[PDB]
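To find a chain, count down the sequence lines: A is the first, B the second, and so on, and within it residues start at 1. Values below: every heavy atom of this structure, side chains too, minus hydrogens, waters and symmetry copies.
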Amino acid sequence: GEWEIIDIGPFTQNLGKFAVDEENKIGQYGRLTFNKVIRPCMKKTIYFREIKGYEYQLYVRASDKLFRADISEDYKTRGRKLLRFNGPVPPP
Amino acid sequence: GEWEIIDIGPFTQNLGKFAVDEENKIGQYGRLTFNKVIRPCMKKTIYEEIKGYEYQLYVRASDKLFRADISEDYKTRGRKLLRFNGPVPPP
């Protein structure tokens, strides 16, 4: 399964909040305040045709800094895990 | 304008080599050897009438992964390495 562009509406925004909420448990940057997920947002669907889960890559502004966050999502349960959180990075 | 994922092929391979060739002029990572373009490759089309394009690539060179952004001018066809960051983790 491949990567595709997705929009930055409510579902993506809540992915962003998840990422920042998970990074705040780790503490690597000190306490971040979620601002917004910006374009572009990418999803990889991991797989007759049957979806197992997804991988999201997002650019998340928090505390007015840009970070790159990768999130895995389970298709059946919608359990969610923060795989990576990099930055600050410049915009794509 | 819009971002899109594009297929990996000869075009991306040449952008990858360009990035590494340009970064080697800068010198920030020493002499890098091009290895591979890894998925995905993203392109943005910028409108003014087309003004130009912007590429984001994940480029393996000297067995380290870097993120490279390349701009391309529609009228001149000139290309520039805007940045080359890393090592970064895989997408």
Side-chain angles (χ1 to χ4, degrees), chain A residues 1-6 8 19 23 28-29 37-46 54-62 65-72 82-92, chain B:
Chain A
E2 308 280 357
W3 289 96
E4 290 279 59
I5 300 307
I6 59 160
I8 56 154
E23 189 59 32
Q28 200 211 306
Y29 301 91
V37 171
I38 71 163
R39 295 190 193 82
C41 188
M42 299 206 295
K43 189 175 90 190
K44 183 176 166 73
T45 307
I46 299 168
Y54 311 98
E55 311 282 14
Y56 293 96
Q57 171 153 317
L58 286 48
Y59 287 87
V60 198
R61 285 200 195 282
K65 286 183 292 299
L66 197 69
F67 300 90
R68 185 263 276 192
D70 293 302
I71 297 157
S72 66
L82 170 67
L83 303 175
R84 312 275 172 193
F85 199 88
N86 198 43
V89 300
Chain B
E2 288 278 339
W3 286 97
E4 303 298 346
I5 304 303
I6 65 166
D7 285 342
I8 295 314
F11 197 87
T12 68
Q13 188 86 337
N14 283 327
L15 285 169
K17 290 177 162 164
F18 174 82
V20 174
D21 295 341
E22 300 298 296
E23 184 62 32
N24 280 342
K25 300 194 179 131
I26 289 165
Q28 192 167 298
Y29 301 92
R31 184 177 66 90
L32 297 165
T33 302
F34 178 84
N35 303 140
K36 188 177 193 192
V37 177
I38 74 144
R39 299 168 291 145
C41 186
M42 290 180 259
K43 188 179 177 174
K44 197 187 169 174
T45 302
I46 301 152
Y47 293 102
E48 205 91 62
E49 188 77 55
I50 308 159
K51 182 182 195 228
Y53 308 101
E54 182 188 335
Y55 297 92
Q56 177 155 312
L57 276 70
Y58 286 96
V59 198
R60 194 203 291 147
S62 302
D63 187 51
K64 304 144 223 291
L65 193 66
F66 303 97
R67 182 258 274 204
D69 295 304
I70 294 161
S71 68
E72 178 195 325
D73 188 57
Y74 182 83
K75 296 189 152 183
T76 79
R77 307 277 165 210
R79 287 188 311 186
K80 309 186 285 176
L81 173 67
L82 302 170
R83 49 188 163 269
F84 195 98
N85 283 167
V88 296

Subject >> Minimum heavy-atom distance between B:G16 and B:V59, given as atom pair plus value >> reply: O-CG1, 4.1 Å
Original post:
Looking only at side chains, do B:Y55 and B:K43 share a donor and an acceptor under 3.5 Å apart?
Top reply: yes
Original post:
Between CG of B:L32 and CG of B:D63, what distance do you get to the nearest 0.5 Å?
Top reply: 11.5 Å
Subject >> Check: B:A61 main-chain N/O paired with B:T33 side-chain donor or acceptor under 3.5 Å >> reply: no
Original post:
Taking all atoms of both residues into account, what is the closest heavy-atom pair of B:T12 and B:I6, and its distance?
Top reply: CG2-CD1, 3.9 Å
Original post:
Do B:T45 and B:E2 come close enough that some side-chain heavy atom pair is under 4.5 Å?
Top reply: no
Original post:
To the nearest 0.5 Å, what is the distance between CH2 (A:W3) and CE (A:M42)?
Top reply: 4.0 Å
Original post:
Would B:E72 and B:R77 pass as an ion pair if we require N to O under 4.0 Å?
Top reply: yes
Subject >> Verdict with supporting geometry, B:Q56 and B:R67, side-chain contact (heavy atoms from CB on, under 4.5 Å) >> reply: CA-CA 7 Å; B:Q56 177 155 312; B:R67 182 258 274 204; 3.6 Å; yes
Original post:
Do the non-hydrogen side-chain atoms of A:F85 and A:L58 ever get within less than 4.5 Å of each other?
Top reply: no
**OP:** Please check if atom NZ in A:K65 has more than 12 non-hydrogen atoms from other residues, nucleotides or ligands closer than 6.0 Å.
**Re:** yes
**OP:** Apply side-chain contact (heavy atoms from CB on, under 4.5 Å) to the pair B:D73 and B:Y53, showing each step before the final yes or no.
**Re:** CA-CA 7 Å; B:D73 188 57; B:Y53 308 101; over 6 Å; no
Subject >> B:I8 to B:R39 - nearest heavy-atom pair and separation >> reply: CG1-CG, 4.1 Å
Original post:
Roughly how far, to the nearest 0.5 Å, is CZ of B:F34 from CD of B:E23?
Top reply: 14.5 Å
Subject >> Atom CZ of B:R31: over 12 foreign heavy atoms under 6.0 Å >> reply: no
Original post:
Looking only at heavy atoms, which two atoms of B:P40 and B:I5 are closest? And how far apart?
Top reply: CB-CD1, 4.2 Å
**OP:** For A:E4, look at atom CD and say whether over 12 heavy atoms of other residues, nucleotides or ligands are found less than 6.0 Å away.
**Re:** no
**OP:** Taking all heavy atoms of A:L66 and all of A:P91, pick out the closest pair and write down the distance.
**Re:** CD2-CA, 3.6 Å
Original post:
Where is the tightest heavy-atom contact between A:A19 and A:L82, given as atom of each residue plus distance?
Top reply: O-CD2, 3.9 Å
Subject >> Derivation and outcome, side-chain contact (heavy atoms from CB on, under 4.5 Å), residues A:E55 and A:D70 >> reply: CA-CA 7 Å; A:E55 311 282 14; A:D70 293 302; over 6 Å; no
Subject >> Between CZ on residue A:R84 and OG on residue A:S72, distance to nearest 0.5 Å >> reply: 11.5 Å
Subject >> Verdict with supporting geometry, B:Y58 and B:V88, side-chain contact (heavy atoms from CB on, under 4.5 Å) >> reply: CA-CA 9 Å; B:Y58 286 96; B:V88 296; 4.1 Å; yes
Original post:
Would you find a donor on one side and an acceptor on the other, under 3.5 Å apart, between the side chain of A:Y29 and the backbone of A:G87?
Top reply: yes
